[PDB]
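In the block that follows, a single chain appears as structure tokens, in the form solved without the named molecule.
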């Protein structure tokens, strides 16, 4: 694969920083007029992380800090959003409901570096459901499966207006530090494939909702890897994937995707290693499971 040749050349010349900064300089710039309106100040976690108008998710005030990353060639969509705020947990679950998502991928912890980077937007106990009065939704913890570095939750979301009920799967990576990277390619891919195996990325469901704290760094890394693997999967041709071009394509839909050079570097590693599975190595998934120490 060309990505592996290019990774070798970037490593040898120690130029991940320059390569990553070139991507930032070339990244699309689009207006975020709605996000910046005064009435939406308290709906944004970070003043400088906004959804572009053209790709933003509208609630059915229609504003949420969330973007539809619509990957035409790969035929997969993701919604990337910030970690919900205390006043936007209702909006968040409303979006899940309206967009018909089946999975939420959370790549952060509620507390990071002493600070609250995400609201407690799901119930931690079966007998303590959450009711969101503004959006008329009820959220119940049904079960959870806790592993050493991630947790999967079965949630029940009820639209109280219609009394319809849906099952939402919550995939919570708990050891991915802000501005950092997963422990190994194996941990990351073990997690990614857990999401894939649930059905949550199927085109029969709405786009998976992915978030971290700002919904760009770790959320970006996750989606870049998944898309690159899907592209080579559809063509069965690892060598045809250009990672930097795919990342630039994603950045047309939301700003700042992948926040450090090392996250970009890690994405190459994950994609090169995931390629083994795509192209028919049937022992590698169990290797990843074992190496992840779940």
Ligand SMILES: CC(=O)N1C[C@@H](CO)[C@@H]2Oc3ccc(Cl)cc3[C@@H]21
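Residue numbers count along the first chain shown, from 1.
Another form exists, deposited with the named molecule bound; not displayed. Remarks below refer to it.
Among residues of the shown chain, residue 104 is not one whose heavy atoms approach the named molecule to within 4.5 Å in the deposited complex. Under a 4.5 angstroms non-hydrogen atom cutoff, the named molecule in the deposited complex lacks residue 210 among its neighbouring residues. For the partner-free chain shown, 186, 189, 190, 193 of 177-194 come within 4.5 angstroms of the named molecule in the deposited complex, judged by any non-hydrogen atom.
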